[PDB]
Amino acid sequence: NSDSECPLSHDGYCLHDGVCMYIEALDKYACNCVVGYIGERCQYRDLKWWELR
């Protein structure tokens, strides 16, 4: 479904960008702020781009 529609809330649920995407009628939630904040719901490191990748 690519369900990431939670407008002002995607950036509200989280911190330094906030993005809500994983649900998919599975009630999932991956919250991916920015390459510099990712942990459970974006708050640890730049794992995504620099640290791990």
# chains A, B, ... in the order shown; residues from 1 in each chain; ligands from 1
$ select_by_dssp --residues "region 5-45 of chain A" --states "helix (DSSP H, G or I)" --output "number ranges by chain"
A: 7-10
$ residues_around --residues "residue 51 (chain A)" --least-positions-apart "4" --cutoff "10 Å" --atoms "only C-alpha atoms" --output "PyMOL selection string"
chain A and resi 35-36+45-47
$ write_last_selection --atoms "C-alpha atoms" --output "PDB file, in the first residue's frame"
ATOM      1  CA  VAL A  35      20.664  10.403   8.260  1.00  0.00           C
ATOM      2  CA  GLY A  36      21.796  11.440  11.709  1.00  0.00           C
ATOM      3  CA  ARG A  45      23.306   8.153  14.834  1.00  0.00           C
ATOM      4  CA  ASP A  46      23.604   8.352  11.089  1.00  0.00           C
ATOM      5  CA  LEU A  47      23.582   4.599  10.726  1.00  0.00           C
TER       6      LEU A  47
END
$ select_by_dssp --residues "chain A" --states "strand (DSSP E or B)" --output "VMD selection string"
chain A and resid 20 31 34 37
$ residues_around --residues "residue 20 (chain A)" --least-positions-apart "5" --cutoff "10 Å" --atoms "only C-alpha atoms" --output "ChimeraX atom specification"
/A:3-7,9-14,28-33,41
$ write_last_selection --atoms "N, CA and C atoms" --output "PDB file, in the first residue's frame"
ATOM      1  N   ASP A   3       1.806   2.972   2.640  1.00  0.00           N
ATOM      2  CA  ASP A   3       1.033   3.873   3.470  1.00  0.00           C
ATOM      3  C   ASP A   3       1.960   4.675   4.368  1.00  0.00           C
ATOM      4  N   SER A   4       2.119   5.944   4.039  1.00  0.00           N
ATOM      5  CA  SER A   4       2.953   6.845   4.811  1.00  0.00           C
ATOM      6  C   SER A   4       2.218   8.160   5.025  1.00  0.00           C
ATOM      7  N   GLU A   5       0.895   8.082   5.066  1.00  0.00           N
ATOM      8  CA  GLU A   5       0.081   9.279   5.131  1.00  0.00           C
ATOM      9  C   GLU A   5      -0.319   9.612   6.563  1.00  0.00           C
ATOM     10  N   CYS A   6       0.546  10.335   7.252  1.00  0.00           N
ATOM     11  CA  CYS A   6       0.178  10.948   8.517  1.00  0.00           C
ATOM     12  C   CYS A   6       0.789  12.352   8.565  1.00  0.00           C
ATOM     13  N   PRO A   7       0.202  13.288   7.789  1.00  0.00           N
ATOM     14  CA  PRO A   7       0.789  14.600   7.458  1.00  0.00           C
ATOM     15  C   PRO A   7       1.662  15.228   8.549  1.00  0.00           C
ATOM     16  N   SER A   9       1.776  14.734  11.500  1.00  0.00           N
ATOM     17  CA  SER A   9       1.958  13.807  12.589  1.00  0.00           C
ATOM     18  C   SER A   9       3.211  12.973  12.373  1.00  0.00           C
ATOM     19  N   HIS A  10       3.624  12.822  11.117  1.00  0.00           N
ATOM     20  CA  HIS A  10       4.795  12.008  10.807  1.00  0.00           C
ATOM     21  C   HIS A  10       6.022  12.658  11.409  1.00  0.00           C
ATOM     22  N   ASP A  11       5.992  13.971  11.418  1.00  0.00           N
ATOM     23  CA  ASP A  11       7.073  14.775  11.940  1.00  0.00           C
ATOM     24  C   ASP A  11       6.788  15.150  13.383  1.00  0.00           C
ATOM     25  N   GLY A  12       5.604  14.773  13.836  1.00  0.00           N
ATOM     26  CA  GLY A  12       5.181  15.077  15.185  1.00  0.00           C
ATOM     27  C   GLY A  12       5.435  13.918  16.115  1.00  0.00           C
ATOM     28  N   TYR A  13       5.118  12.716  15.636  1.00  0.00           N
ATOM     29  CA  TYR A  13       5.360  11.489  16.392  1.00  0.00           C
ATOM     30  C   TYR A  13       6.837  11.337  16.737  1.00  0.00           C
ATOM     31  N   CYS A  14       7.691  11.938  15.923  1.00  0.00           N
ATOM     32  CA  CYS A  14       9.126  11.767  16.071  1.00  0.00           C
ATOM     33  C   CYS A  14       9.857  13.100  16.256  1.00  0.00           C
ATOM     34  N   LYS A  28       2.146  -1.302  11.323  1.00  0.00           N
ATOM     35  CA  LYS A  28       3.568  -1.183  11.566  1.00  0.00           C
ATOM     36  C   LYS A  28       3.988   0.280  11.561  1.00  0.00           C
ATOM     37  N   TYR A  29       5.184   0.558  12.031  1.00  0.00           N
ATOM     38  CA  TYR A  29       5.654   1.924  12.101  1.00  0.00           C
ATOM     39  C   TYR A  29       7.170   1.978  12.130  1.00  0.00           C
ATOM     40  N   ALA A  30       7.739   2.338  11.002  1.00  0.00           N
ATOM     41  CA  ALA A  30       9.134   2.691  10.944  1.00  0.00           C
ATOM     42  C   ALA A  30       9.214   4.196  10.823  1.00  0.00           C
ATOM     43  N   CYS A  31       9.909   4.822  11.747  1.00  0.00           N
ATOM     44  CA  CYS A  31       9.957   6.258  11.782  1.00  0.00           C
ATOM     45  C   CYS A  31      11.367   6.697  11.515  1.00  0.00           C
ATOM     46  N   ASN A  32      11.539   7.254  10.354  1.00  0.00           N
ATOM     47  CA  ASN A  32      12.842   7.552   9.845  1.00  0.00           C
ATOM     48  C   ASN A  32      12.969   9.042   9.616  1.00  0.00           C
ATOM     49  N   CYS A  33      13.665   9.676  10.534  1.00  0.00           N
ATOM     50  CA  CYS A  33      13.883  11.106  10.494  1.00  0.00           C
ATOM     51  C   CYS A  33      14.880  11.490   9.406  1.00  0.00           C
ATOM     52  N   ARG A  41      12.705   5.077  16.635  1.00  0.00           N
ATOM     53  CA  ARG A  41      11.897   6.098  16.014  1.00  0.00           C
ATOM     54  C   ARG A  41      12.750   7.335  15.768  1.00  0.00           C
TER      55      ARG A  41
END
$ atom_distance --atom1 "CA of residue 23 (chain A)" --atom2 "CA of residue 49 (chain A)"
23.1 Å
$ atom_distance --atom1 "CA of residue 18 (chain A)" --atom2 "CA of residue 43 (chain A)"
9.9 Å
$ atom_distance --atom1 "CA of residue 37 (chain A)" --atom2 "CA of residue 8 (chain A)"
18.6 Å
$ closest_residue --among "A:27, A:2, A:15, A:22" --to "residue 44 (chain A)" --atoms "only C-alpha atoms"
A:15
$ decode --residues "region 8-47 of chain A" --atoms "N, CA and C atoms" --output "CSV table (one decimal), in the first residue's frame"
chain,number,residue,atom,x,y,z
A,8,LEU,N,1.1,16.1,9.4
A,8,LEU,CA,1.8,16.8,10.4
A,8,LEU,C,2.2,16.0,11.6
A,9,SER,N,1.8,14.7,11.5
A,9,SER,CA,2.0,13.8,12.6
A,9,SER,C,3.2,13.0,12.4
A,10,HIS,N,3.6,12.8,11.1
A,10,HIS,CA,4.8,12.0,10.8
A,10,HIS,C,6.0,12.7,11.4
A,11,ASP,N,6.0,14.0,11.4
A,11,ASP,CA,7.1,14.8,11.9
A,11,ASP,C,6.8,15.2,13.4
A,12,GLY,N,5.6,14.8,13.8
A,12,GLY,CA,5.2,15.1,15.2
A,12,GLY,C,5.4,13.9,16.1
A,13,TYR,N,5.1,12.7,15.6
A,13,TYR,CA,5.4,11.5,16.4
A,13,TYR,C,6.8,11.3,16.7
A,14,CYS,N,7.7,11.9,15.9
A,14,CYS,CA,9.1,11.8,16.1
A,14,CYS,C,9.9,13.1,16.3
A,15,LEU,N,11.1,13.2,15.9
A,15,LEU,CA,12.0,14.2,16.4
A,15,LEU,C,12.5,15.2,15.3
A,16,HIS,N,13.5,14.8,14.6
A,16,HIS,CA,14.3,15.8,13.8
A,16,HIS,C,14.1,15.6,12.3
A,17,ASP,N,12.8,15.2,12.0
A,17,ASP,CA,12.3,15.1,10.7
A,17,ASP,C,11.0,14.3,10.8
A,18,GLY,N,11.0,13.2,11.4
A,18,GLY,CA,9.9,12.3,11.5
A,18,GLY,C,9.2,11.9,10.2
A,19,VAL,N,9.1,10.6,10.1
A,19,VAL,CA,8.4,10.0,8.9
A,19,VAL,C,7.7,8.7,9.3
A,20,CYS,N,6.5,8.5,9.0
A,20,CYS,CA,5.7,7.3,9.4
A,20,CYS,C,5.5,6.4,8.2
A,21,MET,N,6.2,5.2,8.2
A,21,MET,CA,6.0,4.3,7.1
A,21,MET,C,6.4,2.9,7.4
A,22,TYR,N,5.4,2.0,7.5
A,22,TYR,CA,5.6,0.6,7.7
A,22,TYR,C,4.3,-0.1,7.8
A,23,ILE,N,3.3,0.6,8.4
A,23,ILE,CA,1.9,0.1,8.7
A,23,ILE,C,1.5,-0.9,7.7
A,24,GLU,N,0.8,-0.5,6.6
A,24,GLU,CA,0.5,-1.3,5.5
A,24,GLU,C,-0.6,-2.3,5.8
A,25,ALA,N,-1.5,-1.8,6.6
A,25,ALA,CA,-2.6,-2.6,7.2
A,25,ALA,C,-2.0,-3.7,8.1
A,26,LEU,N,-0.7,-3.5,8.4
A,26,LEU,CA,0.0,-4.4,9.3
A,26,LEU,C,0.2,-3.7,10.7
A,27,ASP,N,-0.2,-2.4,10.7
A,27,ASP,CA,-0.1,-1.6,11.9
A,27,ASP,C,1.3,-1.5,12.3
A,28,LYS,N,2.1,-1.3,11.3
A,28,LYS,CA,3.6,-1.2,11.6
A,28,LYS,C,4.0,0.3,11.6
A,29,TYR,N,5.2,0.6,12.0
A,29,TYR,CA,5.7,1.9,12.1
A,29,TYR,C,7.2,2.0,12.1
A,30,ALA,N,7.7,2.3,11.0
A,30,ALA,CA,9.1,2.7,10.9
A,30,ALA,C,9.2,4.2,10.8
A,31,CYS,N,9.9,4.8,11.7
A,31,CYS,CA,10.0,6.3,11.8
A,31,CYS,C,11.4,6.7,11.5
A,32,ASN,N,11.5,7.3,10.4
A,32,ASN,CA,12.8,7.6,9.8
A,32,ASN,C,13.0,9.0,9.6
A,33,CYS,N,13.7,9.7,10.5
A,33,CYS,CA,13.9,11.1,10.5
A,33,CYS,C,14.9,11.5,9.4
A,34,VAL,N,16.2,11.3,9.7
A,34,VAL,CA,17.2,11.9,8.9
A,34,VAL,C,18.5,11.1,9.1
A,35,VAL,N,19.4,11.1,8.1
A,35,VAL,CA,20.7,10.4,8.3
A,35,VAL,C,21.5,11.1,9.3
A,36,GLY,N,21.2,10.8,10.6
A,36,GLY,CA,21.8,11.4,11.7
A,36,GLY,C,21.0,11.2,13.0
A,37,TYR,N,19.7,10.7,12.7
A,37,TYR,CA,18.9,10.3,13.8
A,37,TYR,C,18.1,9.1,13.4
A,38,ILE,N,18.5,7.9,13.9
A,38,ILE,CA,17.7,6.7,13.8
A,38,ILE,C,17.8,5.8,15.0
A,39,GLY,N,16.8,5.5,15.7
A,39,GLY,CA,16.8,4.6,16.8
A,39,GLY,C,15.4,4.3,17.3
A,40,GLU,N,14.8,3.2,16.9
A,40,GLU,CA,13.4,2.9,17.3
A,40,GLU,C,12.5,3.8,16.5
A,41,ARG,N,12.7,5.1,16.6
A,41,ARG,CA,11.9,6.1,16.0
A,41,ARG,C,12.8,7.3,15.8
A,42,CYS,N,13.9,7.1,15.2
A,42,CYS,CA,14.9,8.1,14.8
A,42,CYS,C,15.4,8.9,15.9
A,43,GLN,N,16.6,8.5,16.5
A,43,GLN,CA,17.2,9.3,17.6
A,43,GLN,C,18.6,8.8,17.9
A,44,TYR,N,19.1,8.0,17.0
A,44,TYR,CA,20.5,7.5,17.2
A,44,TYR,C,21.3,7.5,15.9
A,45,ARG,N,22.2,8.3,15.8
A,45,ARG,CA,23.3,8.2,14.8
A,45,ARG,C,22.9,8.3,13.4
A,46,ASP,N,23.8,8.3,12.5
A,46,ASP,CA,23.6,8.4,11.1
A,46,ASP,C,23.9,7.0,10.5
A,47,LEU,N,23.4,6.0,11.1
A,47,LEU,CA,23.6,4.6,10.7
A,47,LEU,C,23.2,4.4,9.3
